[PDB]
Amino acid sequence: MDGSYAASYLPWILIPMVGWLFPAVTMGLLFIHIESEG
Amino acid sequence: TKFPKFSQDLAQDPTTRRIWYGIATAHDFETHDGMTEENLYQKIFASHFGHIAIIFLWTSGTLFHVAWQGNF
Amino acid sequence: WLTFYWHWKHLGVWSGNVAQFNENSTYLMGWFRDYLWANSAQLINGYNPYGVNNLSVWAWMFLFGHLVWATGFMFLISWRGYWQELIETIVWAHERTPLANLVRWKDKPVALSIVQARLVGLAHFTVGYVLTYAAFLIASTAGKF
Amino acid sequence: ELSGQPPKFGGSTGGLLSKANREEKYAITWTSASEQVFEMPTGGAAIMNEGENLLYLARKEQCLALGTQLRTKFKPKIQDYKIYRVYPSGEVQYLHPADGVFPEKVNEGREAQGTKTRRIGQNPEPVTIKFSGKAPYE
Amino acid sequence: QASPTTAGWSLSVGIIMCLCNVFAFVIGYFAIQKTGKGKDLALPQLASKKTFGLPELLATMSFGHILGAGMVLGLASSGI
Amino acid sequence: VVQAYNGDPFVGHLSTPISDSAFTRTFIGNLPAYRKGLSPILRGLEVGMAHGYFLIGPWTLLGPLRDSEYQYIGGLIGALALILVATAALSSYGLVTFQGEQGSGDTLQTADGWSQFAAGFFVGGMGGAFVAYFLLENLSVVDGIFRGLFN
Amino acid sequence: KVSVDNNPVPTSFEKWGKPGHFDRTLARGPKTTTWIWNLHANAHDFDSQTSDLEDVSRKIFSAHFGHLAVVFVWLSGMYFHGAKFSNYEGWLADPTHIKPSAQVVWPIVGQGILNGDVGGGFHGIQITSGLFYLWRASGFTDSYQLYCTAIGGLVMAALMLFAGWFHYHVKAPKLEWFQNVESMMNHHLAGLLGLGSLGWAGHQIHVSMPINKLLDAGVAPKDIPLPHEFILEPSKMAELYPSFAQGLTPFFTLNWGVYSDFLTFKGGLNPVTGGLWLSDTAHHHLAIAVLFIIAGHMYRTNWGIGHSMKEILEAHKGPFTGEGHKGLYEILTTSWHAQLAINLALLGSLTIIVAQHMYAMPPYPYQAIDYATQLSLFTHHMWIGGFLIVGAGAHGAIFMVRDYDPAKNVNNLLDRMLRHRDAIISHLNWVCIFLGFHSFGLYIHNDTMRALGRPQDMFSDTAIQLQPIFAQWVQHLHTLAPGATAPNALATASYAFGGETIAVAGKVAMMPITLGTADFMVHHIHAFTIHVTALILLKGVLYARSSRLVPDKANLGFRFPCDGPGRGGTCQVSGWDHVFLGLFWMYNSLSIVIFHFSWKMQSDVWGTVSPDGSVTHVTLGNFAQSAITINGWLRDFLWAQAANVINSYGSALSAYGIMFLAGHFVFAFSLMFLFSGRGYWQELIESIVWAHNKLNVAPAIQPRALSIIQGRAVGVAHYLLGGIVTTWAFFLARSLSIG
Ligand code: CLA
Ligand code: CLA
Ligand code: CLA
Ligand code: CLA
Ligand code: CLA
Ligand SMILES: CCCCCCCCCCCCCCCC(=O)OC[C@H](COP(=O)(O)OC[C@@H](O)CO)OC(=O)CCCCCCCCCCCCCCC
Ligand SMILES: CC1=C(/C=C/C(C)=C/C=C/C(C)=C/C=C/C=C(C)/C=C/C=C(C)/C=C/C2=C(C)CCCC2(C)C)C(C)(C)CCC1
């Protein structure tokens, strides 16, 4: 799956970031914000 | 501040209907609590700036990927 | 209609076979047979029990679009009151289920509003409309040129 | 304080839930001249005791659905029913035959509210009440 | 390979034994009583048959027959 | 044999051989969630070990790495990640429901107790999967151990 | 126990000219167009017309006589068409090369093209009713025989029609009479089914069997003597089946096995016929007949012997069910909707049993050869059985709304389960979700793994596979049944379970239907689709009277659109709206069943057999490898087999070509009604009406958009039409072109 293009190690980690980290956090943080006084 | 900060009508809704209707009425500023006419435009004006930036950020994405991973 | 008309005509121009459109576009079966059924051949074979090619996506996206389109029919045909009465039985189940009642929702479950269902139903119907057609436009044209 | 005899009933699943012991439940009392079968709004069938009955239901609409039944599906039309809203704090709250007489019949003392010194077609234009929390019907 | 007993002789004994079993079955327990019009038979005997009333004797002779046929053809088919 | 729940017929529930039998009252009552006395920390530890232990199952045999020499580790990694999400999903739910007050009836149902239960579940779950993986990886050793191969 | 009122209603034509008289609302006159629709949708609703249960039962009784009459006219039409507008005699001469065809089309507007060549010098439309195959097995050998049968039908038709008039205008039965259930049963169990089965066995033995035996020899029809001639010469009936020498008295002496010459248990298919042995079906109905006469002597009547169903029912109580079946007798002898609900459920489930049994055990000559007729009779009886078991949910709900009485149902089976309806649906809800993922979700797992170039991961016989261990084990027992668990049965009941691959002409009549993971999946799709359909209909019956959302739903009625936008929205809570949604799922469910049937039989059963025995299926066995992904169904079943109908332009099948499109049209047209509401449509009409007020052409009957219910009723009516027109044309065009 590795590509010839330079910085070929960025997609290795960053797809995981976009895939699991970025959603899990924002999903969670949003879940907390609906919860409050009001 | 419960979610829909901009609408106490929705904030009081004890059901899941709050979340959905909270999203669908988010960009209708005229419906917002205590929304004036002067405070309306000032939100639109700012909202446009954010939108323009996204377009320029988008086109940046195409150029950047073509230059990096494209056979141009 | 518009894009079907644009596409089927240019597929004749690009092919040098304008006689196809000019002689079959005057009745509906011609559109069904010559434009739809035929130009799907390369697409629906994006993947098969024998192999996989560059049109594997569009073949998959083709069905994906079909799925959303029809998932739209649910929100569009069936209306709220049925679903509200079905949910409360699920509400019952969780409250009565041991170990699970340990978790109580902070937001009472309820069926989508009447307007919401129309909206969501229309959303699905729209997504499936373009995703289905796009996957066919690209694959049919890129596969044939 | 006030009470009755719970109707003879095997039990159903359409009954109360967490709301009853969290938010609020409703209570309905009525007096019957005989023990006879009646339909539960929670499904199935039960039989009221002769004399005073007492029944907890989850919603106000359920009680009134039973109240209308009591007043329409019996040879001795039971119109003696009283509905209460009971909170978990012990606080009870009288609700139906509100003032004393059924709302169907006009009774002196009731303060008019919701009325309009105006035709329905004479409401103001929406542009008139722009960017005010109020709607035309206010 | 579709072998039955096809004969006379004790065949009648077979069904009559069942007629007897059913007359015992009916008086054993039933809605045994007046129905239609029975010629009336006194006590048990050959009258034990007709004591069952109009349909019962007629209804037991029915069951007694089928029980016979089921019993006859079953004994004839034997075990093999 | 099936009657009203706790004598209150208008409680929307029936007492049955499943809902309120002699057995189920005993079983469910003694499960780590409802066992009388235990601190939330131990409650979660128990629920964790059990779930983590079996959770390696599906990926170890039906995972993508099923068809390689790494099926056992591929399975462990799968279970670990699954439990991590479950932990945060637990710790988060507590963080939101128990925002306001408490509930001095059940210590398990407050901010402090539920966090102890979340932490308990985390370690229990992590340990459960890891040890089950340890036995599958060194299953050869376990085989001989039981059938007296090494004496 | 006969009771009758003499001349309860005069016979006058005055009411014919006063439409909507049967209802007090419509009787006064039409003010809007809604009156017109209401006149039709309330026509047969005899309950809403009068509350006198005696009067309606008389209406229903004479409604049936009217129905039996039209069915007689229809049935007679098939015999008349077979006698004067058919090539049946031509087909009886060469069954294996001539294609059965009735109905000649008139040469006009170029429609004469539909009269295709079906062999034997006959031009017309090829039929798929299997009528020709029925006639032979019935012993027909002449057009005149069919002609006389057609006249007999019109006689019966007139006779049935007279009885309907007579039993409502001259001698109407009392309410007491209809309530003789124990007696009504004894007659149907023995008089209708018993003697019907006995009487037909008499025909099979004296007409069909001997004649059909000569068609095996190929004596040709004209050389074969007439049916009655076999009775005039018992020597003829003896020359075949030697066991007529000692004709009667082995029956009465209980010899019986003498008759084994013509009362056999071969259990297979006559290899020249491709159909079930008439020797078996005759011995069969003779056995069924006796069983039915017997079963018709169980119930209480006027001679004190028998059973009281009331006694039996009430005497069935258990710990789990309180008072038990108490009261069930009463409601089933006072509520017609209660009866109709059950009768539909079983009659509907039965018509499905007919389909699944008629294909595996072809009971008619040269039926198995005609893959079109096999596909046509199967999917036909599938739908009918399908529609009926939906009405089973309709009237199951109407009973709850109208004729359920709480006092007559206290802590009994009916009442008890109404008291845990929330428990029932909550679980049926879950099962449907479980089946939902674990059937369809599998196909999505495959389609995705395929496209990702991971064919080793997907579910398949070749890769990982879900093997129907049980169904396969069941087949193994059925094939090994003769000479062991069925010693007097020579061969297995159906070769679909396993055995020799029977062939006629150069075609496969029936052969072992192996079950793989491809089949395992579609089976759990069927279980899935069925369960959802039950859920929609079942939930519709239990929550017909009340819910937590609307405790007074029973007062609103069975057929009402909603209870306002309040409570978040209460659209479609009624039982009628549960039949509404239940129809789409009955459709979606069965479409997959008939699609399973079509592809599987084409791919792994049907085909041409070479003299050596090797079989070449029409789809080359692509099922087990392509029927495990949606794209495979989209491509190798739909896209592939639809090539026949879309290219039918210019051939005899051109009808199916344009009919394939017609279905598509009304399908989309249905969406116009199912997606919108009358709120929009009424406002549109106002603008339209104004244009007529402008030219003074406004109609007296004021235009009104359809009711919300009718809007839905019309919606489903077209959706199911087109949805089946499409398949109907696709199946015929496909099956006729393949063989
Ligand atoms: C909007 C334009 C755009 C789009 C559609 C994409 C899309 C993608 N990027 Mg690129 N990227 C962009 C701009 C964009 N990028 C710019 C301007 C830069 C230079 C800063 C990069 C640097 C970059 C790297 C190093 C990598 C990617 C990668 C990827 C791919 C995987 C996703 C990912 O790793 O996220 C990574 C995201 C970033 C590093 C930040 C990008 C900059 C911002 C976020 C773009 C603006 C987004 C827009 C305003 C948001 C509007 C959406 C709204 C609904 C909120 C995906 C095809 C990966 C890849 O190549 O896979 C094959 C990868 O390794 N991107
Ligand atoms: C041109 C710019 C523009 C702007 C600034 C607005 C602004 C506004 N409109 Mg919109 N409108 C527009 C264009 C625009 N409109 C167009 C082009 C249409 C025709 C479709 C409409 C039709 C329309 C209607 C019918 C309504 C509005 C309304 C409104 C107001 C509230 C919007 C809101 O909060 O709901 C936000 C709703 C959403 C965020 C849900 C959108 C769902 C999405 C984006 C679909 C995504 C699907 C999927 C994820 C796509 C990816 C595919 C993936 C599956 C592979 C707001 C003033 C509402 C109003 O009340 O006016 C006061 C209202 O009733 N508009
Ligand atoms: C064709 C589109 C479509 C789809 C997909 C569905 C799906 C469903 N319907 Mg039907 N419905 C439809 C059309 C559709 N409907 C139409 C047109 C009508 C009107 C006639 C109805 C009327 C109807 C009724 C009356 C009922 C349903 C019910 C259901 C549910 C049954 C439960 C189940 O299957 O378990 C699970 C769901 C599936 C198996 C669907 C596939 C989902 C997938 C493959 C999972 C995807 C993976 C995962 C989510 C990936 C992560 C993505 C995420 C990050 C975004 C299911 C969700 C029944 C119900 O509510 O449950 C009992 C119910 O009674 N529907
Ligand atoms: C009670 C009377 C009775 C009946 C009705 C039957 C019926 C049957 N037996 Mg026989 N059997 C009987 C007594 C009976 N048996 C006795 C007393 C013995 C010796 C102990 C046997 C030994 C025997 C053997 C060895 C075999 C049979 C077999 C059979 C079946 C094969 C069909 C056949 O060839 O015969 C003719 C068919 C009929 C006479 C049709 C009868 C069906 C009817 C009308 C039902 C009657 C129901 C009953 C009277 C209900 C009321 C009773 C109540 C207690 C419920 C048939 C179901 C064969 C079999 O099935 O293999 C296991 C077989 O091999 N039986
Ligand atoms: C056993 C047979 C049977 C009988 C005797 C009844 C009798 C009745 N039904 Mg039931 N029904 C049945 C089967 C039956 N039904 C089945 C199998 C289903 C499942 C679909 C239903 C579903 C059903 C519903 C939902 C309702 C009834 C209702 C009724 C009552 C009034 C019906 C009426 O007004 O007619 C009126 C008939 C029409 C207005 C015609 C409608 C148009 C049709 C049926 C489309 C036909 C398509 C056509 C053949 C093909 C297109 C060809 C075209 C292009 C020319 C009446 C007591 C109603 C009721 O109980 O009142 C409250 C009602 O709500 N039925
Ligand atoms: C491959 C999948 C896994 C297979 C595992 C094997 C599971 C076998 C299923 C056991 C069914 C239990 C029957 C309850 C036995 C039973 O009837 O108990 C007895 C009880 C009533 O008995 P009574 O003592 O009251 O009887 C006397 C009076 O009632 C007279 O009627 O019935 C109930 O309590 C209602 C429960 C219904 C349970 C709903 C089950 C839904 C069906 C589930 C099975 C589906 C299989 C498909 C074919 C139907
Ligand atoms: C009861 C029962 C049941 C069930 C069963 C089951 C479901 C099973 C299971 C099971 C399971 C599921 C089990 C488990 C387990 C576990 C364990 C035993 C654990 C562990 C662990 C460990 C030991 C770890 C440790 C550690 C940690 C913690 C961390 C660090 C260090 C280490 C790693 C060492 C039923 C009802 C059906 C029937 C009856 C009986």
# chains A, B, ... in the order shown; residues from 1 in each chain; ligands from 1
>>> residues_near_ligand(ligand="ligand 6", cutoff="12 Å", atoms="only C-alpha atoms and all ligand atoms", output="MDAnalysis selection string")
(chainID F and resid 1:2 16:18) or (chainID G and resid 312:326 328 411:414 416:417 420 423:425 427:428 431 435 468:471 524 527 531)
>>> residues_around(residues="residue F:6", least_positions_apart="5", cutoff="10 Å", atoms="only C-alpha atoms", output="number ranges by chain")
F: 11, 13-15, 20
>>> residues_near_ligand(ligand="ligand 3", cutoff="6 Å", atoms="only C-alpha atoms and all ligand atoms", output="short mmCIF file (atom, residue, chain, number, x, y, z; two decimals) with N, CA, C and O atoms, in the first residue's frame")
data_model
loop_
_atom_site.label_atom_id
_atom_site.label_comp_id
_atom_site.auth_asym_id
_atom_site.auth_seq_id
_atom_site.Cartn_x
_atom_site.Cartn_y
_atom_site.Cartn_z
N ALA C 70 -33.49 3.29 -1.70
CA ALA C 70 -34.61 2.49 -1.24
C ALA C 70 -34.78 2.59 0.28
O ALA C 70 -35.88 2.42 0.79
N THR C 71 -33.69 2.84 1.00
CA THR C 71 -33.79 3.13 2.43
C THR C 71 -34.57 4.42 2.61
O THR C 71 -35.18 4.65 3.66
N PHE C 73 -37.22 5.08 0.84
CA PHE C 73 -38.63 4.71 0.70
C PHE C 73 -39.30 4.42 2.04
O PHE C 73 -40.50 4.62 2.20
N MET C 74 -38.51 3.94 3.00
CA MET C 74 -39.04 3.62 4.32
C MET C 74 -39.57 4.87 5.01
O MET C 74 -40.72 4.91 5.44
N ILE C 77 -42.71 6.20 2.91
CA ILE C 77 -43.98 5.46 2.87
C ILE C 77 -44.55 5.28 4.27
O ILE C 77 -45.64 5.76 4.57
N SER C 78 -43.81 4.58 5.13
CA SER C 78 -44.25 4.37 6.51
C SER C 78 -44.14 5.68 7.28
O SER C 78 -43.15 6.40 7.14
N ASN G 429 -39.57 -7.97 17.69
CA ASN G 429 -38.77 -6.86 17.20
C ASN G 429 -37.29 -7.22 17.16
O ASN G 429 -36.61 -6.96 16.18
N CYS G 432 -36.31 -9.98 14.51
CA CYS G 432 -36.25 -9.37 13.19
C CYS G 432 -34.95 -8.59 12.98
O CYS G 432 -34.43 -8.55 11.87
N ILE G 433 -34.44 -7.97 14.04
CA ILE G 433 -33.17 -7.27 13.94
C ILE G 433 -32.03 -8.27 13.85
O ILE G 433 -31.10 -8.08 13.07
N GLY G 436 -32.18 -9.76 10.59
CA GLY G 436 -31.87 -8.69 9.66
C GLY G 436 -30.38 -8.58 9.40
O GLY G 436 -29.96 -8.58 8.25
N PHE G 437 -29.59 -8.49 10.46
CA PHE G 437 -28.14 -8.42 10.29
C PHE G 437 -27.60 -9.74 9.75
O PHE G 437 -26.94 -9.77 8.72
N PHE G 440 -28.94 -10.46 5.67
CA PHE G 440 -28.56 -9.45 4.70
C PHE G 440 -27.14 -8.96 4.96
O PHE G 440 -26.39 -8.70 4.02
N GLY G 441 -26.78 -8.82 6.23
CA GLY G 441 -25.45 -8.35 6.61
C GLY G 441 -24.37 -9.24 6.04
O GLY G 441 -23.26 -8.79 5.76
N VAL G 532 -40.52 -10.22 9.81
CA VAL G 532 -40.86 -8.81 9.78
C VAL G 532 -42.32 -8.64 9.37
O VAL G 532 -43.04 -7.81 9.95
N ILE G 536 -45.23 -6.76 11.69
CA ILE G 536 -46.07 -5.65 11.27
C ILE G 536 -47.54 -5.99 11.44
O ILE G 536 -48.34 -5.17 11.89
N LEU G 581 -48.72 -1.33 5.75
CA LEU G 581 -47.29 -1.60 5.75
C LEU G 581 -47.01 -3.09 5.62
O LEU G 581 -45.97 -3.50 5.10
N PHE G 584 -46.55 -4.28 1.81
CA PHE G 584 -45.26 -4.06 1.18
C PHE G 584 -44.26 -5.15 1.56
O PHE G 584 -43.44 -5.56 0.75
#
>>> residues_near_ligand(ligand="ligand 4", cutoff="7 Å", atoms="only C-alpha atoms and all ligand atoms", output="PDB file with C-alpha atoms, in the first residue's frame")
ATOM      1  CA  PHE E  63     -66.090 -48.167  15.613  1.00  0.00           C
ATOM      2  CA  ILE E  66     -62.959 -49.999  11.865  1.00  0.00           C
ATOM      3  CA  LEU E  67     -61.193 -51.262  14.989  1.00  0.00           C
ATOM      4  CA  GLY E  68     -61.663 -54.700  13.464  1.00  0.00           C
ATOM      5  CA  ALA E  69     -60.280 -53.646  10.083  1.00  0.00           C
ATOM      6  CA  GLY E  70     -57.360 -51.922  11.773  1.00  0.00           C
ATOM      7  CA  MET E  71     -56.836 -55.026  13.892  1.00  0.00           C
ATOM      8  CA  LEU E  73     -55.164 -55.937   8.418  1.00  0.00           C
ATOM      9  CA  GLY E  74     -52.562 -55.307  11.110  1.00  0.00           C
ATOM     10  CA  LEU E  75     -52.429 -58.928  12.222  1.00  0.00           C
ATOM     11  CA  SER E  77     -49.486 -57.720   7.734  1.00  0.00           C
ATOM     12  CA  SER E  78     -47.593 -59.338  10.634  1.00  0.00           C
ATOM     13  CA  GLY E  79     -44.010 -58.420  11.574  1.00  0.00           C
TER      14      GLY E  79
ATOM     15  CA  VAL G 290     -61.840 -42.649   4.272  1.00  0.00           C
ATOM     16  CA  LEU G 291     -59.820 -40.602   6.751  1.00  0.00           C
ATOM     17  CA  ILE G 294     -64.008 -40.784   9.767  1.00  0.00           C
TER      18      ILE G 294
END
>>> residues_near_ligand(ligand="ligand 5", cutoff="7 Å", atoms="only C-alpha atoms and all ligand atoms", output="PDB file with C-alpha atoms, in the first residue's frame")
ATOM      1  CA  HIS G  40     -67.624   1.387  -3.153  1.00  0.00           C
ATOM      2  CA  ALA G  41     -65.419   0.882  -0.085  1.00  0.00           C
ATOM      3  CA  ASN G  42     -68.461   0.296   2.155  1.00  0.00           C
ATOM      4  CA  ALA G  43     -70.319  -2.005  -0.238  1.00  0.00           C
ATOM      5  CA  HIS G  44     -69.317  -5.326   1.336  1.00  0.00           C
ATOM      6  CA  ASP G  45     -68.855  -3.976   4.857  1.00  0.00           C
ATOM      7  CA  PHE G  46     -72.114  -5.586   6.009  1.00  0.00           C
ATOM      8  CA  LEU G 340     -62.268 -15.176   8.713  1.00  0.00           C
ATOM      9  CA  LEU G 344     -57.337 -16.786   5.874  1.00  0.00           C
ATOM     10  CA  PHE G 387     -52.157 -12.042  -0.011  1.00  0.00           C
ATOM     11  CA  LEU G 388     -54.440 -14.277   2.039  1.00  0.00           C
ATOM     12  CA  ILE G 389     -52.133 -14.436   5.069  1.00  0.00           C
ATOM     13  CA  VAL G 390     -52.076 -10.616   5.042  1.00  0.00           C
ATOM     14  CA  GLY G 391     -55.850 -10.380   5.250  1.00  0.00           C
ATOM     15  CA  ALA G 392     -55.428 -12.870   8.076  1.00  0.00           C
ATOM     16  CA  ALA G 394     -56.520  -7.477   8.747  1.00  0.00           C
ATOM     17  CA  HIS G 395     -59.548  -9.321  10.103  1.00  0.00           C
ATOM     18  CA  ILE G 398     -60.946  -5.942  12.947  1.00  0.00           C
ATOM     19  CA  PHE G 558     -60.049   0.019  12.709  1.00  0.00           C
ATOM     20  CA  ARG G 559     -59.773   2.232   9.627  1.00  0.00           C
ATOM     21  CA  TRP G 576     -55.662  -0.747   8.806  1.00  0.00           C
ATOM     22  CA  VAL G 579     -52.193  -4.005   6.948  1.00  0.00           C
ATOM     23  CA  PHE G 580     -50.935  -1.154   4.777  1.00  0.00           C
ATOM     24  CA  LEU G 583     -48.575  -5.516   2.335  1.00  0.00           C
ATOM     25  CA  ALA G 717     -52.634  -0.847  -4.934  1.00  0.00           C
ATOM     26  CA  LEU G 721     -49.548  -4.075  -9.222  1.00  0.00           C
TER      27      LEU G 721
END
>>> residues_near_ligand(ligand="ligand 1", cutoff="7 Å", atoms="only C-alpha atoms and all ligand atoms", output="list in words")
residues 10, 11, 12, 14, 15 and 18 of chain A; 54, 57, 58, 59, 60, 61, 62, 64 and 65 of chain B
>>> closest_atom_pairs(of="chain C", to="chain F", cutoff="8 Å", atoms="only C-alpha atoms", output="JSON lines")
{"residue": "C:96", "atom": "CA", "partner": "F:13", "partner_atom": "CA", "distance": 7.8}
{"residue": "C:98", "atom": "CA", "partner": "F:28", "partner_atom": "CA", "distance": 7.8}
{"residue": "C:99", "atom": "CA", "partner": "F:33", "partner_atom": "CA", "distance": 7.2}
{"residue": "C:106", "atom": "CA", "partner": "F:97", "partner_atom": "CA", "distance": 6.7}
>>> write_last_selection(atoms="N, CA, C and O atoms", output="mmCIF file, in the first residue's frame")
data_model
loop_
_atom_site.group_PDB
_atom_site.id
_atom_site.type_symbol
_atom_site.label_atom_id
_atom_site.label_comp_id
_atom_site.auth_asym_id
_atom_site.auth_seq_id
_atom_site.Cartn_x
_atom_site.Cartn_y
_atom_site.Cartn_z
ATOM 1 N N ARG C 96 -36.883 -3.389 31.684
ATOM 2 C CA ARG C 96 -37.135 -4.682 32.321
ATOM 3 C C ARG C 96 -35.947 -5.634 32.268
ATOM 4 O O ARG C 96 -35.827 -6.525 33.111
ATOM 5 N N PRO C 98 -32.569 -7.110 33.072
ATOM 6 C CA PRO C 98 -31.548 -6.918 34.111
ATOM 7 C C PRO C 98 -30.183 -6.651 33.494
ATOM 8 O O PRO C 98 -30.001 -6.939 32.315
ATOM 9 N N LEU C 99 -29.260 -6.080 34.263
ATOM 10 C CA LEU C 99 -27.909 -5.740 33.792
ATOM 11 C C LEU C 99 -27.904 -4.580 32.796
ATOM 12 O O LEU C 99 -26.949 -3.809 32.750
ATOM 13 N N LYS C 106 -30.201 9.297 29.188
ATOM 14 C CA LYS C 106 -30.475 10.653 29.647
ATOM 15 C C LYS C 106 -31.376 11.378 28.644
ATOM 16 O O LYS C 106 -31.781 12.516 28.873
#
>>> residues_near_ligand(ligand="ligand 2", cutoff="6 Å", atoms="only C-alpha atoms and all ligand atoms", output="ChimeraX atom specification")
/B:24-28
>>> residues_near_ligand(ligand="ligand 7", cutoff="6 Å", atoms="only C-alpha atoms and all ligand atoms", output="MDAnalysis selection string")
chainID F and resid 49:51 53:54 123:124 127:128 130:131
>>> interface_residues(of="chain D", to="chain G", cutoff="6 Å", atoms="only C-alpha atoms", output="ChimeraX atom specification")
/D:12-13,37,41,43-45,62,65
>>> atom_distance(atom1="atom CA of residue D:123", atom2="atom CA of residue G:682")
24.0 Å
>>> interface_residues(of="chain A", to="chain F", cutoff="10 Å", atoms="only C-alpha atoms", output="PyMOL selection string")
chain A and resi 24+28-29+31-37
>>> select_by_dssp(residues="chain E", states="alpha helix (DSSP H)", output="PyMOL selection string")
chain E and resi 11-28+47-50+54-77
